[PDB]
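Structure record follows, encoded as structure tokens.
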Amino acid sequence: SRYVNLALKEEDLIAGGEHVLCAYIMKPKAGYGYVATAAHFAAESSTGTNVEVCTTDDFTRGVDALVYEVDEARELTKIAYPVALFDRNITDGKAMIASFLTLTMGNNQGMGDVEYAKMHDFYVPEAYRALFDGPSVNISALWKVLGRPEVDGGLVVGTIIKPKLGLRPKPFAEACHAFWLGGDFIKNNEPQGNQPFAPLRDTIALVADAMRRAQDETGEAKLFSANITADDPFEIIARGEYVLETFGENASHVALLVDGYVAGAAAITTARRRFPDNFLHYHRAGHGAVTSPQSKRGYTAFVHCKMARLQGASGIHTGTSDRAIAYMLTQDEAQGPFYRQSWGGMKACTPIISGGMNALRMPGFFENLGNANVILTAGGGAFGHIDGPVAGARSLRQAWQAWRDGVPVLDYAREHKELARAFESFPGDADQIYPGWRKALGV
Amino acid sequence: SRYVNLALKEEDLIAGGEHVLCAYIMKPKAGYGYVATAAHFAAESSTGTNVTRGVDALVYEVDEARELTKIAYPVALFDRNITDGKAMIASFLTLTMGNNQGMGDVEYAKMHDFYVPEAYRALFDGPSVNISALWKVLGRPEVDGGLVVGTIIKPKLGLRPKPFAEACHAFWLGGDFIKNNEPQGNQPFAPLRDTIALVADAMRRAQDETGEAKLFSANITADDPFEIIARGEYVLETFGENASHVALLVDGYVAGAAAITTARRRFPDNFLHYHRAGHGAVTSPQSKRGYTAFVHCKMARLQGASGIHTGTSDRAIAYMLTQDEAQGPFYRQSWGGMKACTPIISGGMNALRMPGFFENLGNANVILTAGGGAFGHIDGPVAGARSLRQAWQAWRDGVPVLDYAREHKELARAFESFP
């Protein structure tokens, strides 16, 4: 009713790359011809023309995204987008994500001849990929600040403390100094900012000052991740401006955490464009919604993060088509579910894992990943510690560190306390993974 | 335990106003408890604690059979403007359809209703300008000067600068708002500069072919709020004195909140048109998860979108978004003098079945940007929107359609036009 192209080779478009390739999981309502569903599905990704037509009755086709290949009973639909249908900036000339989603998960995700359609992968030529922002920093910049080679600097360990909201300016400050003590990265957690109890500038003013203190105490260079997430661009520069004013002396140490799935793209381009060489930290928030695996209309989690290496993000949560992510964001040259991609300059976006990541299974994380340059936010290997927080991530550093160098964790953990207590913290984790740990460690 | 206070009564959370009440359709992974898990979701919506509590967001109801969980959260949970001090959407979205949106323990949980109490909704932004700030330019009473008809130009892209223009004035000449669709902008075929210089022109030509004012929503949407800013200055500048006849559009769901809010506090004198779209990834009834579409366009005017896309409770949505002491699936809302953000009304409404909408909605005071209500008419989409103009006209004038088929030729021909 217009649209499609199946004679066309995926790897042609790949080459004279004046076109975006999208790959989806879509099943039609049931009683409609697959190609009809997908020649359609691309009508609302392109020109529409919505019937047949020609605009000024000139060839408003060569704008037109045509399904380049489909596998009916594999629930698959690959569509090739000409680059021209993509919006750029006027005072700028750059690509913007805001057009790439409106184009591919906009009206798209509403059609009635579709049941679900899930994006599984994408391809961004040269042409187009390079009209985009890219991570301004990475972990590199954190390596700069902690005094680690900005090439295989490695893991930043944190903690999270509890609770997410509640402690006050000072009950807060201090919790954070105390963990500044057995790790290096502390986040204000997603919700955290200007609640009445505990205010932005009362509380940013004292974390500020608890880093003078920890970083002065220990004599290591502690990093913070302060949330400058707002509705208005002006309150995201202003939240963040005072942050780096108040931090004065130490704003190389300050990161900029934004709740970016729940904020949006202009909130992430404010932090990234108005605060270019500061790390802007994305907090995928109310995003299960879509990316989570048994919701079938998302952008899949892998598709989420690829999307954010393109747009300025320096960091993003997880790892642990979801072990590919970790490659899709760091390596410029790597295979996603269907399409290999070139980053041909663009700078990683960092994997910033979490959770029950422990000390006995850390080393396996770092082998099946291969790079140990992730940011590890702990509640797990941390509060799980039988010697609490403080020593919970100071057993974490150990675990990673054992690893670059080459020492078998049961005996690295044989030279220091933090890691020999990990083993007596986790069951048999220590029984699963670590052969008779009871004998060769202590007991 | 510290997250369930079932038996701690809704009417009273709801007469206190420092408790933001959320209703959701939650369902546990197999084996897993109900209330237990029901209170688990509150803890990762609010206070964790994990290993000063007057702060934990609490469950006060369950339905298990009807499979819902009710969560009631304190108001000193929500982040704010260090600046202005006004309430914000970002971290609201962060707690209610925040982290619980990616749980383990839960199969899915879609928000179905929410209640923003006055000691928190007052704090919010709310619309600056609505549909009466269209009225005043169309020159109608700016108190129910009702139906604003408009259009949708196709194709959606592949259109050159002279082309849009040509087609906006020839659709302006005919009937009043044109909308720049979701992908139109600074694209290389039709670059916003060389094209908005030309819409300006459209309009000024049109209004001297009409003696009536034209309205153009321009997709001032970008993902750097200065671009956003830049296009507005540029378009209200270029429109010279005709710059009141401009609606700013933010293709809205896919650009954020941060997008929504710059365009409303950079140009709060012009119409922030919330283009929804993408909504449906989360917002479809197939999606067991996210927020629902009732929630998305009311969250929308608290943040004050001037008008959103609402095209049919789906006038559950047209109440709770228009009015003042509205209701909705589970909670009854008070906007307390906070402004009416109008339903932009979509699709196939035809010249013939609209006063049945108008009657069935209790009002005509919304916007239409029709397809074939108009496209399928005889004198053209031309007469095709003069038909709807006039659909309205008759309607509200409290005189019936059929009788005005005759006094007025283009609607006559509408019935006539089409089965």
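Residues displayed in chain B correspond, in order, to Swiss-Prot positions 5-55, 64-324, 335-441.
Per the header: X-ray crystallography, 2.6 Å.
Quick reminder: no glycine exception, Cβ is built from N, Cα and C everywhere.
Features reported for this protein in Swiss-Prot:
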type	residues	note
ACT_SITE	B:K166	active site, proton acceptor
ACT_SITE	B:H287	active site, proton acceptor
BINDING	B:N111, B:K168, B:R288, B:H321, B:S368	substrate binding site
MOD_RES	B:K191	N6-carboxylysine
Long-range Cβ environment of B:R288 (substrate binding site), under 8 Å and at least 6 residues apart: B:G264, B:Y265, B:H308, B:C309, B:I320, B:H321
Subset of recorded positions B:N111, B:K166, B:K168, B:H321, B:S368 within reach of chain A (CB-CB under 8 A): B:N111, B:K166, B:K168
Cα distance (Å, whole number) from B:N111 (substrate binding site) to B:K166 (active site, proton acceptor): 40
Cα-Cα distance in Å between B:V55 and B:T64, where 8 residues go unmodelled: 16
Gap of 10 residues [B:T324 to B:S335], endpoint C-alpha distance in angstrom: 9
Length of the line joining the Cα atoms of B:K191 (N6-carboxylysine) and B:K168 (substrate binding site), in Å: 11
Fewest Cβ neighbours within 10 Å, where candidates are the binding-site residues B:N111, B:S368: B:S368
Cβ neighbour count (within 10 Å, all chains shown) around B:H287 (active site, proton acceptor): 26
Cα separation, B:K168 (substrate binding site) to B:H287 (active site, proton acceptor) (Å, whole number): 14
Which of B:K166, B:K168, B:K191, the listed recorded positions, has fewest other Cβ atoms within 10 Å: B:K166
Collapsed DSSP category at B:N111 (substrate binding site): helix
Other CB atoms, at most 10 A from the CB of B:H321 (substrate binding site): 25
Farthest-apart CA atoms of B:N111, B:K168, B:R288, B:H321, B:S368, residues recorded for substrate, distance in Å: 36
